[PDB]
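structure.pdb, holding PDB, C-alpha atoms and all ligand atoms:
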ATOM      1  CA  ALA A   3     -24.713 170.010 198.389  1.00  0.00           C
ATOM      2  CA  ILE A   4     -27.191 172.716 199.342  1.00  0.00           C
ATOM      3  CA  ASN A   5     -27.778 176.424 198.650  1.00  0.00           C
ATOM      4  CA  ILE A   6     -29.277 178.723 201.259  1.00  0.00           C
ATOM      5  CA  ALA A   7     -30.966 181.998 200.304  1.00  0.00           C
ATOM      6  CA  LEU A   8     -30.951 184.719 202.923  1.00  0.00           C
ATOM      7  CA  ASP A   9     -32.995 187.782 201.936  1.00  0.00           C
ATOM      8  CA  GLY A  10     -33.837 190.811 204.072  1.00  0.00           C
ATOM      9  CA  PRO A  11     -33.812 194.632 204.488  1.00  0.00           C
ATOM     10  CA  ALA A  12     -30.813 196.839 205.340  1.00  0.00           C
ATOM     11  CA  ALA A  13     -28.850 196.318 208.558  1.00  0.00           C
ATOM     12  CA  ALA A  14     -30.866 193.190 209.305  1.00  0.00           C
ATOM     13  CA  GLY A  15     -27.712 191.251 210.201  1.00  0.00           C
ATOM     14  CA  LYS A  16     -27.731 189.059 207.083  1.00  0.00           C
ATOM     15  CA  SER A  17     -23.963 189.140 206.324  1.00  0.00           C
ATOM     16  CA  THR A  18     -23.033 188.419 209.953  1.00  0.00           C
ATOM     17  CA  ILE A  19     -25.461 185.530 210.180  1.00  0.00           C
ATOM     18  CA  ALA A  20     -24.566 184.238 206.730  1.00  0.00           C
ATOM     19  CA  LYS A  21     -20.907 184.016 207.735  1.00  0.00           C
ATOM     20  CA  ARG A  22     -21.585 181.927 210.832  1.00  0.00           C
ATOM     21  CA  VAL A  23     -24.010 179.592 209.128  1.00  0.00           C
ATOM     22  CA  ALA A  24     -21.600 179.074 206.225  1.00  0.00           C
ATOM     23  CA  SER A  25     -18.827 178.372 208.723  1.00  0.00           C
ATOM     24  CA  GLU A  26     -20.808 175.796 210.667  1.00  0.00           C
ATOM     25  CA  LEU A  27     -21.904 174.027 207.475  1.00  0.00           C
ATOM     26  CA  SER A  28     -18.488 174.199 205.819  1.00  0.00           C
ATOM     27  CA  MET A  29     -20.065 176.295 203.061  1.00  0.00           C
ATOM     28  CA  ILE A  30     -19.197 179.595 201.436  1.00  0.00           C
ATOM     29  CA  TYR A  31     -20.894 182.885 202.173  1.00  0.00           C
ATOM     30  CA  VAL A  32     -21.616 185.188 199.247  1.00  0.00           C
ATOM     31  CA  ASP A  33     -22.524 188.796 200.098  1.00  0.00           C
ATOM     32  CA  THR A  34     -24.355 190.065 196.991  1.00  0.00           C
ATOM     33  CA  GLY A  35     -24.710 193.534 198.441  1.00  0.00           C
ATOM     34  CA  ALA A  36     -20.956 193.953 198.099  1.00  0.00           C
ATOM     35  CA  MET A  37     -21.364 193.411 194.373  1.00  0.00           C
ATOM     36  CA  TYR A  38     -23.934 196.147 193.908  1.00  0.00           C
ATOM     37  CA  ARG A  39     -21.871 198.469 196.120  1.00  0.00           C
ATOM     38  CA  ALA A  40     -18.738 197.777 194.029  1.00  0.00           C
ATOM     39  CA  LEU A  41     -20.632 198.645 190.856  1.00  0.00           C
ATOM     40  CA  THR A  42     -21.925 201.787 192.636  1.00  0.00           C
ATOM     41  CA  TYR A  43     -18.293 202.602 193.499  1.00  0.00           C
ATOM     42  CA  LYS A  44     -17.442 202.385 189.793  1.00  0.00           C
ATOM     43  CA  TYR A  45     -20.509 204.524 189.030  1.00  0.00           C
ATOM     44  CA  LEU A  46     -19.263 207.283 191.355  1.00  0.00           C
ATOM     45  CA  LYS A  47     -15.767 207.066 189.877  1.00  0.00           C
ATOM     46  CA  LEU A  48     -17.348 207.549 186.437  1.00  0.00           C
ATOM     47  CA  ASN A  49     -19.070 210.820 187.412  1.00  0.00           C
ATOM     48  CA  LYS A  50     -22.389 209.055 188.087  1.00  0.00           C
ATOM     49  CA  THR A  51     -22.783 207.968 184.467  1.00  0.00           C
ATOM     50  CA  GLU A  52     -26.314 207.149 183.338  1.00  0.00           C
ATOM     51  CA  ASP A  53     -24.962 204.666 180.797  1.00  0.00           C
ATOM     52  CA  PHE A  54     -25.072 201.513 182.919  1.00  0.00           C
ATOM     53  CA  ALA A  55     -24.770 199.208 179.909  1.00  0.00           C
ATOM     54  CA  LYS A  56     -21.433 200.775 179.067  1.00  0.00           C
ATOM     55  CA  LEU A  57     -20.366 200.792 182.724  1.00  0.00           C
ATOM     56  CA  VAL A  58     -20.964 197.062 182.980  1.00  0.00           C
ATOM     57  CA  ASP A  59     -19.403 196.330 179.603  1.00  0.00           C
ATOM     58  CA  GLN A  60     -16.181 198.035 180.591  1.00  0.00           C
ATOM     59  CA  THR A  61     -15.978 196.469 184.044  1.00  0.00           C
ATOM     60  CA  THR A  62     -14.573 193.277 185.525  1.00  0.00           C
ATOM     61  CA  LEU A  63     -15.800 192.092 188.893  1.00  0.00           C
ATOM     62  CA  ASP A  64     -14.841 188.975 190.816  1.00  0.00           C
ATOM     63  CA  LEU A  65     -15.625 187.810 194.328  1.00  0.00           C
ATOM     64  CA  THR A  66     -12.728 185.986 195.985  1.00  0.00           C
ATOM     65  CA  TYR A  67     -12.196 184.557 199.461  1.00  0.00           C
ATOM     66  CA  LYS A  68      -9.365 184.789 201.988  1.00  0.00           C
ATOM     67  CA  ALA A  69      -8.014 182.419 204.634  1.00  0.00           C
ATOM     68  CA  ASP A  70     -10.758 183.251 207.106  1.00  0.00           C
ATOM     69  CA  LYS A  71     -13.130 182.668 204.165  1.00  0.00           C
ATOM     70  CA  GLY A  72     -13.887 186.393 204.238  1.00  0.00           C
ATOM     71  CA  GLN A  73     -15.140 187.755 200.904  1.00  0.00           C
ATOM     72  CA  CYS A  74     -12.975 190.083 198.809  1.00  0.00           C
ATOM     73  CA  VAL A  75     -14.317 192.155 195.933  1.00  0.00           C
ATOM     74  CA  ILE A  76     -11.990 192.620 192.979  1.00  0.00           C
ATOM     75  CA  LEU A  77     -13.213 195.434 190.740  1.00  0.00           C
ATOM     76  CA  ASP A  78     -11.192 196.150 187.583  1.00  0.00           C
ATOM     77  CA  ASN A  79      -8.267 194.309 189.278  1.00  0.00           C
ATOM     78  CA  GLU A  80      -8.407 196.376 192.448  1.00  0.00           C
ATOM     79  CA  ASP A  81      -9.440 195.068 195.837  1.00  0.00           C
ATOM     80  CA  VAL A  82     -12.223 197.526 196.770  1.00  0.00           C
ATOM     81  CA  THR A  83     -13.606 195.438 199.653  1.00  0.00           C
ATOM     82  CA  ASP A  84     -12.956 198.146 202.237  1.00  0.00           C
ATOM     83  CA  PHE A  85     -14.467 201.070 200.255  1.00  0.00           C
ATOM     84  CA  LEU A  86     -18.066 199.965 199.884  1.00  0.00           C
ATOM     85  CA  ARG A  87     -19.777 201.344 203.000  1.00  0.00           C
ATOM     86  CA  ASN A  88     -20.057 204.158 205.524  1.00  0.00           C
ATOM     87  CA  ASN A  89     -19.544 206.532 202.597  1.00  0.00           C
ATOM     88  CA  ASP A  90     -21.187 207.879 199.410  1.00  0.00           C
ATOM     89  CA  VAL A  91     -21.609 204.384 198.008  1.00  0.00           C
ATOM     90  CA  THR A  92     -24.366 203.688 200.554  1.00  0.00           C
ATOM     91  CA  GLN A  93     -26.298 206.774 199.375  1.00  0.00           C
ATOM     92  CA  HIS A  94     -26.290 205.700 195.721  1.00  0.00           C
ATOM     93  CA  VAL A  95     -26.336 201.890 195.744  1.00  0.00           C
ATOM     94  CA  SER A  96     -30.161 201.574 195.690  1.00  0.00           C
ATOM     95  CA  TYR A  97     -30.343 203.693 192.571  1.00  0.00           C
ATOM     96  CA  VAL A  98     -27.561 201.815 190.758  1.00  0.00           C
ATOM     97  CA  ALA A  99     -28.954 198.393 191.812  1.00  0.00           C
ATOM     98  CA  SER A 100     -32.293 199.268 190.226  1.00  0.00           C
ATOM     99  CA  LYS A 101     -30.772 199.391 186.734  1.00  0.00           C
ATOM    100  CA  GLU A 102     -31.286 196.422 184.402  1.00  0.00           C
ATOM    101  CA  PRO A 103     -27.712 196.096 183.039  1.00  0.00           C
ATOM    102  CA  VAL A 104     -26.419 196.190 186.607  1.00  0.00           C
ATOM    103  CA  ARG A 105     -28.722 193.453 187.883  1.00  0.00           C
ATOM    104  CA  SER A 106     -28.192 191.265 184.799  1.00  0.00           C
ATOM    105  CA  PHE A 107     -24.427 191.476 185.237  1.00  0.00           C
ATOM    106  CA  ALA A 108     -24.522 190.771 188.957  1.00  0.00           C
ATOM    107  CA  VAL A 109     -27.105 188.000 188.864  1.00  0.00           C
ATOM    108  CA  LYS A 110     -25.293 186.053 186.169  1.00  0.00           C
ATOM    109  CA  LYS A 111     -22.155 186.125 188.276  1.00  0.00           C
ATOM    110  CA  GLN A 112     -24.098 185.125 191.368  1.00  0.00           C
ATOM    111  CA  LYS A 113     -25.624 182.065 189.704  1.00  0.00           C
ATOM    112  CA  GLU A 114     -22.228 180.980 188.379  1.00  0.00           C
ATOM    113  CA  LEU A 115     -20.913 181.166 191.924  1.00  0.00           C
ATOM    114  CA  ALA A 116     -23.705 178.906 193.170  1.00  0.00           C
ATOM    115  CA  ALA A 117     -23.893 176.428 190.256  1.00  0.00           C
ATOM    116  CA  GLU A 118     -22.151 173.742 192.325  1.00  0.00           C
ATOM    117  CA  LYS A 119     -24.215 174.620 195.406  1.00  0.00           C
ATOM    118  CA  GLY A 120     -22.555 174.903 198.806  1.00  0.00           C
ATOM    119  CA  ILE A 121     -23.364 178.601 198.955  1.00  0.00           C
ATOM    120  CA  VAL A 122     -25.050 180.659 201.666  1.00  0.00           C
ATOM    121  CA  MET A 123     -26.044 183.735 199.651  1.00  0.00           C
ATOM    122  CA  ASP A 124     -27.613 186.841 201.166  1.00  0.00           C
ATOM    123  CA  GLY A 125     -29.248 189.733 199.344  1.00  0.00           C
ATOM    124  CA  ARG A 126     -32.698 191.036 198.365  1.00  0.00           C
ATOM    125  CA  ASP A 127     -33.771 188.832 195.436  1.00  0.00           C
ATOM    126  CA  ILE A 128     -31.909 185.618 196.171  1.00  0.00           C
ATOM    127  CA  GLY A 129     -34.917 183.448 197.003  1.00  0.00           C
ATOM    128  CA  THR A 130     -37.006 185.009 194.244  1.00  0.00           C
ATOM    129  CA  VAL A 131     -34.664 185.561 191.316  1.00  0.00           C
ATOM    130  CA  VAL A 132     -31.101 184.318 191.809  1.00  0.00           C
ATOM    131  CA  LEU A 133     -31.608 180.910 193.479  1.00  0.00           C
ATOM    132  CA  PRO A 134     -35.312 180.141 192.858  1.00  0.00           C
ATOM    133  CA  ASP A 135     -34.514 176.479 193.620  1.00  0.00           C
ATOM    134  CA  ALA A 136     -32.527 177.103 196.805  1.00  0.00           C
ATOM    135  CA  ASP A 137     -32.970 174.269 199.300  1.00  0.00           C
ATOM    136  CA  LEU A 138     -33.733 176.821 202.026  1.00  0.00           C
ATOM    137  CA  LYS A 139     -34.984 180.395 201.655  1.00  0.00           C
ATOM    138  CA  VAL A 140     -35.014 182.603 204.721  1.00  0.00           C
ATOM    139  CA  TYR A 141     -36.559 186.060 204.864  1.00  0.00           C
ATOM    140  CA  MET A 142     -35.029 188.003 207.760  1.00  0.00           C
ATOM    141  CA  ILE A 143     -36.915 190.943 209.234  1.00  0.00           C
ATOM    142  CA  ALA A 144     -36.838 193.344 212.165  1.00  0.00           C
ATOM    143  CA  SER A 145     -38.248 196.795 212.870  1.00  0.00           C
ATOM    144  CA  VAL A 146     -36.480 199.777 211.330  1.00  0.00           C
ATOM    145  CA  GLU A 147     -35.762 201.057 214.841  1.00  0.00           C
ATOM    146  CA  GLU A 148     -34.332 197.702 215.897  1.00  0.00           C
ATOM    147  CA  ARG A 149     -32.082 197.552 212.852  1.00  0.00           C
ATOM    148  CA  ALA A 150     -31.061 201.198 213.165  1.00  0.00           C
ATOM    149  CA  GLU A 151     -30.070 200.700 216.793  1.00  0.00           C
ATOM    150  CA  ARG A 152     -28.034 197.617 215.993  1.00  0.00           C
ATOM    151  CA  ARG A 153     -26.217 199.384 213.140  1.00  0.00           C
ATOM    152  CA  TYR A 154     -25.579 202.372 215.393  1.00  0.00           C
ATOM    153  CA  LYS A 155     -24.112 200.160 218.125  1.00  0.00           C
ATOM    154  CA  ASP A 156     -21.893 198.298 215.666  1.00  0.00           C
ATOM    155  CA  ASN A 157     -20.654 201.601 214.234  1.00  0.00           C
ATOM    156  CA  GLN A 158     -19.792 203.091 217.648  1.00  0.00           C
ATOM    157  CA  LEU A 159     -17.865 199.862 218.279  1.00  0.00           C
ATOM    158  CA  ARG A 160     -16.000 199.801 214.950  1.00  0.00           C
ATOM    159  CA  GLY A 161     -14.853 203.318 215.796  1.00  0.00           C
ATOM    160  CA  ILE A 162     -17.359 205.018 213.501  1.00  0.00           C
ATOM    161  CA  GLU A 163     -19.441 207.898 214.753  1.00  0.00           C
ATOM    162  CA  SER A 164     -22.941 207.986 213.324  1.00  0.00           C
ATOM    163  CA  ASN A 165     -26.110 209.947 214.014  1.00  0.00           C
ATOM    164  CA  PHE A 166     -28.983 207.602 214.953  1.00  0.00           C
ATOM    165  CA  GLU A 167     -31.681 209.646 213.224  1.00  0.00           C
ATOM    166  CA  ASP A 168     -29.740 209.822 209.961  1.00  0.00           C
ATOM    167  CA  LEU A 169     -29.021 206.088 210.178  1.00  0.00           C
ATOM    168  CA  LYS A 170     -32.691 205.258 210.686  1.00  0.00           C
ATOM    169  CA  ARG A 171     -33.782 207.625 207.926  1.00  0.00           C
ATOM    170  CA  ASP A 172     -31.280 206.253 205.403  1.00  0.00           C
ATOM    171  CA  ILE A 173     -32.109 202.637 206.242  1.00  0.00           C
ATOM    172  CA  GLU A 174     -35.802 203.358 205.765  1.00  0.00           C
ATOM    173  CA  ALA A 175     -35.183 205.160 202.482  1.00  0.00           C
ATOM    174  CA  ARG A 176     -33.036 202.323 201.083  1.00  0.00           C
ATOM    175  CA  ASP A 177     -35.538 199.624 202.068  1.00  0.00           C
ATOM    176  CA  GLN A 178     -38.368 201.675 200.563  1.00  0.00           C
ATOM    177  CA  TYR A 179     -36.512 202.176 197.289  1.00  0.00           C
ATOM    178  CA  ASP A 180     -35.516 198.479 197.145  1.00  0.00           C
ATOM    179  CA  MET A 181     -39.086 197.325 197.823  1.00  0.00           C
ATOM    180  CA  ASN A 182     -40.601 199.611 195.195  1.00  0.00           C
ATOM    181  CA  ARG A 183     -38.150 199.386 192.298  1.00  0.00           C
ATOM    182  CA  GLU A 184     -39.477 197.884 189.047  1.00  0.00           C
ATOM    183  CA  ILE A 185     -36.894 195.103 188.720  1.00  0.00           C
ATOM    184  CA  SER A 186     -36.584 192.250 191.248  1.00  0.00           C
ATOM    185  CA  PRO A 187     -37.677 194.315 194.267  1.00  0.00           C
ATOM    186  CA  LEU A 188     -37.028 193.042 197.783  1.00  0.00           C
ATOM    187  CA  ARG A 189     -39.860 190.632 198.566  1.00  0.00           C
ATOM    188  CA  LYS A 190     -40.465 187.263 200.211  1.00  0.00           C
ATOM    189  CA  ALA A 191     -40.505 184.180 197.983  1.00  0.00           C
ATOM    190  CA  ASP A 192     -43.573 181.960 198.324  1.00  0.00           C
ATOM    191  CA  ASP A 193     -41.537 179.101 199.797  1.00  0.00           C
ATOM    192  CA  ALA A 194     -39.449 181.308 202.075  1.00  0.00           C
ATOM    193  CA  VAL A 195     -39.596 181.238 205.869  1.00  0.00           C
ATOM    194  CA  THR A 196     -39.942 184.483 207.784  1.00  0.00           C
ATOM    195  CA  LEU A 197     -37.444 184.972 210.584  1.00  0.00           C
ATOM    196  CA  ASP A 198     -37.681 187.920 212.968  1.00  0.00           C
ATOM    197  CA  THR A 199     -34.233 188.753 214.350  1.00  0.00           C
ATOM    198  CA  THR A 200     -35.392 191.275 216.948  1.00  0.00           C
ATOM    199  CA  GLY A 201     -34.162 190.588 220.477  1.00  0.00           C
ATOM    200  CA  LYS A 202     -32.103 187.616 219.327  1.00  0.00           C
ATOM    201  CA  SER A 203     -28.401 186.982 219.686  1.00  0.00           C
ATOM    202  CA  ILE A 204     -26.334 186.698 216.508  1.00  0.00           C
ATOM    203  CA  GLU A 205     -25.905 183.090 217.683  1.00  0.00           C
ATOM    204  CA  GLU A 206     -29.576 182.427 218.374  1.00  0.00           C
ATOM    205  CA  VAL A 207     -30.580 183.351 214.846  1.00  0.00           C
ATOM    206  CA  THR A 208     -27.767 181.217 213.444  1.00  0.00           C
ATOM    207  CA  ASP A 209     -29.011 178.290 215.564  1.00  0.00           C
ATOM    208  CA  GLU A 210     -32.535 178.767 214.248  1.00  0.00           C
ATOM    209  CA  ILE A 211     -31.419 178.703 210.627  1.00  0.00           C
ATOM    210  CA  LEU A 212     -29.254 175.647 211.303  1.00  0.00           C
ATOM    211  CA  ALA A 213     -32.295 174.008 212.863  1.00  0.00           C
ATOM    212  CA  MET A 214     -34.171 174.555 209.606  1.00  0.00           C
ATOM    213  CA  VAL A 215     -31.197 173.247 207.614  1.00  0.00           C
ATOM    214  CA  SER A 216     -31.130 170.008 209.598  1.00  0.00           C
ATOM    215  CA  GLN A 217     -34.715 169.460 208.449  1.00  0.00           C
ATOM    216  CA  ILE A 218     -33.663 169.405 204.831  1.00  0.00           C
TER     217      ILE A 218
HETATM  218  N1  LIG A 301     -29.244 190.668 196.359  1.00  0.00           N
HETATM  219  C1  LIG A 301     -29.157 191.996 196.447  1.00  0.00           C
HETATM  220  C2  LIG A 301     -28.193 192.573 197.354  1.00  0.00           C
HETATM  221  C3  LIG A 301     -28.139 193.930 197.391  1.00  0.00           C
HETATM  222  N2  LIG A 301     -28.978 194.763 196.590  1.00  0.00           N
HETATM  223  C4  LIG A 301     -28.860 196.266 196.648  1.00  0.00           C
HETATM  224  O1  LIG A 301     -27.599 196.562 197.250  1.00  0.00           O
HETATM  225  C5  LIG A 301     -27.786 197.453 198.374  1.00  0.00           C
HETATM  226  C6  LIG A 301     -26.759 197.155 199.429  1.00  0.00           C
HETATM  227  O2  LIG A 301     -27.100 195.945 200.129  1.00  0.00           O
HETATM  228  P1  LIG A 301     -26.429 195.566 201.515  1.00  0.00           P
HETATM  229  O3  LIG A 301     -26.838 196.703 202.504  1.00  0.00           O
HETATM  230  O4  LIG A 301     -27.014 194.267 201.957  1.00  0.00           O
HETATM  231  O5  LIG A 301     -24.945 195.637 201.452  1.00  0.00           O
HETATM  232  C7  LIG A 301     -29.270 197.215 198.765  1.00  0.00           C
HETATM  233  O6  LIG A 301     -29.774 198.310 199.510  1.00  0.00           O
HETATM  234  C8  LIG A 301     -29.901 197.006 197.418  1.00  0.00           C
HETATM  235  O7  LIG A 301     -30.218 198.239 196.783  1.00  0.00           O
HETATM  236  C9  LIG A 301     -29.942 194.147 195.698  1.00  0.00           C
HETATM  237  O8  LIG A 301     -30.694 194.843 194.987  1.00  0.00           O
HETATM  238  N3  LIG A 301     -29.987 192.757 195.663  1.00  0.00           N
END
As C-alpha cells, how would this structure be written, given the file I've shared?
Ligand SMILES: Nc1ccn([C@@H]2O[C@H](COP(=O)(O)O)[C@@H](O)[C@H]2O)c(=O)n1
Amino acid sequence: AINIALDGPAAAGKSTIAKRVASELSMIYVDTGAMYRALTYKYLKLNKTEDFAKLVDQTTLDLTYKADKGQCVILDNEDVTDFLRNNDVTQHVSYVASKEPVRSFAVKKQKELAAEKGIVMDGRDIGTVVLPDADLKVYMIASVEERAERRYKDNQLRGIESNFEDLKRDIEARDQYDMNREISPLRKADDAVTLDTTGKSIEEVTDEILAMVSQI
C-alpha cells in the first residue's frame, strides 16, 4: 500500500509515465489535470463565470476507470473525458485552477481517492499539498523546447496539426502562471526527487521511477 506523487510542468509526460508505472505496480493512475480541465470546461459553459464558489457548489465531478484502467471524467453526469484538451479549455485552465473554491473542491476529492493508498497521482501540487505523506514524490522536468517538441510530435501522430511556436509559447505561459499563482503553485517538495526526462524513452523514465519504488 503506497502512494506515488508525480509533479511536473506541462507536456512533461507525467500522465503517460503515470499510466505505465501504475500498470506495473498494479496501482491506479489519477490524472488531476483532468479534474481542473473538467471544471474549466464547466466554467466555459457558464460564460466564464467569476463566481467559482457557486460553480463548484452546483457541480458534481467523479473520476472513474475503464477496463484498460483508463481514467474517465464524469462532470454533472456527462462523460467529458474527450473534451478537455487541444481546445479552449487549455487556454483557460491555469486561470480556473488558481481559484480557491476550485482547488478546495478538487483536492478534497483527490485525497478521498488516495485514502486507501495504491494511487499514482500526477499534477502540480501532489507532493506538496495533496499527498504530503506520499511514499515517493517525483518532480519531473525537461526544457520547454524539449517538452514542446514532444507535444508537437505526439499531436502530429494523433492526427492533430499544431504550430510549434504557439505550442511552446502556450506551454511556457501555463507553467509560468502555475508557478506564480498565490495558491499551491507548482513547486518541488523538500523530500521530492528531481527527474529530468529529456532524451529518455517513455520506458526508461518508467524504469527509473520503478527503481526508486523498489527502494521503498
Ligand atoms: N495537480 C494539479 C494538476 C493540474 N493543475 C492545473 O491544471 C492544468 C492542466 O494540467 P495538465 O496539463 O497536467 O493536464 C495545469 O496547467 C494547472 O493549471 C493544478 O493546478 N494542479
- Message: Once the PyMOL selection byres (((chain A and resi 45) around 12) and not hetatm) has been evaluated on this model, what residues remain selected, and can you format them as a PyMOL selection string?
- Response: chain A and resi 38-44+46-58+60-61+77+90-91+94-95+97-99+101+104
Once the PyMOL selection byres (((not hetatm)) within 8 of (chain A and resi 301)) has been evaluated on this model, what residues remain selected, and can you format them as a compact mmCIF listing (two decimals) with C-alpha atoms, keeping the file's coordinate frame?
# COMPACT_ATOMS: atom_id res chain seq x y z
CA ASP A 9 -32.99 187.78 201.94
CA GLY A 10 -33.84 190.81 204.07
CA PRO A 11 -33.81 194.63 204.49
CA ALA A 12 -30.81 196.84 205.34
CA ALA A 13 -28.85 196.32 208.56
CA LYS A 16 -27.73 189.06 207.08
CA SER A 17 -23.96 189.14 206.32
CA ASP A 33 -22.52 188.80 200.10
CA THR A 34 -24.36 190.06 196.99
CA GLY A 35 -24.71 193.53 198.44
CA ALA A 36 -20.96 193.95 198.10
CA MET A 37 -21.36 193.41 194.37
CA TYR A 38 -23.93 196.15 193.91
CA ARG A 39 -21.87 198.47 196.12
CA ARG A 87 -19.78 201.34 203.00
CA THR A 92 -24.37 203.69 200.55
CA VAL A 95 -26.34 201.89 195.74
CA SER A 96 -30.16 201.57 195.69
CA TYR A 97 -30.34 203.69 192.57
CA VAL A 98 -27.56 201.82 190.76
CA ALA A 99 -28.95 198.39 191.81
CA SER A 100 -32.29 199.27 190.23
CA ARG A 105 -28.72 193.45 187.88
CA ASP A 124 -27.61 186.84 201.17
CA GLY A 125 -29.25 189.73 199.34
CA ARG A 126 -32.70 191.04 198.36
CA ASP A 127 -33.77 188.83 195.44
CA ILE A 128 -31.91 185.62 196.17
CA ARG A 176 -33.04 202.32 201.08
CA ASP A 177 -35.54 199.62 202.07
CA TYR A 179 -36.51 202.18 197.29
CA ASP A 180 -35.52 198.48 197.14
CA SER A 186 -36.58 192.25 191.25
CA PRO A 187 -37.68 194.32 194.27
CA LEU A 188 -37.03 193.04 197.78
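In this comparison, which uses only C-alpha atoms, the residue of A:215, A:133, A:76, A:4 approaching residue A:120 most closely is A:4.
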- Selection under test: the PyMOL selection byres (((chain A and resi 200) around 7) and not hetatm); residues as an MDAnalysis selection string: chainID A and resid 144 148 198:199 201:202
Same residues, C-alpha atoms, output as a PDB file, keeping the file's coordinate frame:
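In the end it all went to result13.pdb:
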ATOM      1  CA  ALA A 144     -36.838 193.344 212.165  1.00  0.00           C
ATOM      2  CA  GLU A 148     -34.332 197.702 215.897  1.00  0.00           C
ATOM      3  CA  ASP A 198     -37.681 187.920 212.968  1.00  0.00           C
ATOM      4  CA  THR A 199     -34.233 188.753 214.350  1.00  0.00           C
ATOM      5  CA  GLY A 201     -34.162 190.588 220.477  1.00  0.00           C
ATOM      6  CA  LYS A 202     -32.103 187.616 219.327  1.00  0.00           C
TER       7      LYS A 202
END
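The closest residue to residue A:118, picked from A:29, A:192, A:18, A:209 and counting all atoms listed in the file, is A:29.
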- Tell me which of A:102, A:137, A:174, A:184 sits closest to residue A:119, counting only C-alpha atoms. A:137
- Message: Considering all atoms listed in the file, can you say which of A:147, A:123, A:106, A:24 comes closest to residue A:71?
- Response: A:24
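The two atoms in question, atom CA of residue A:85 and atom CA of residue A:67, are spaced 16.7 Å apart.
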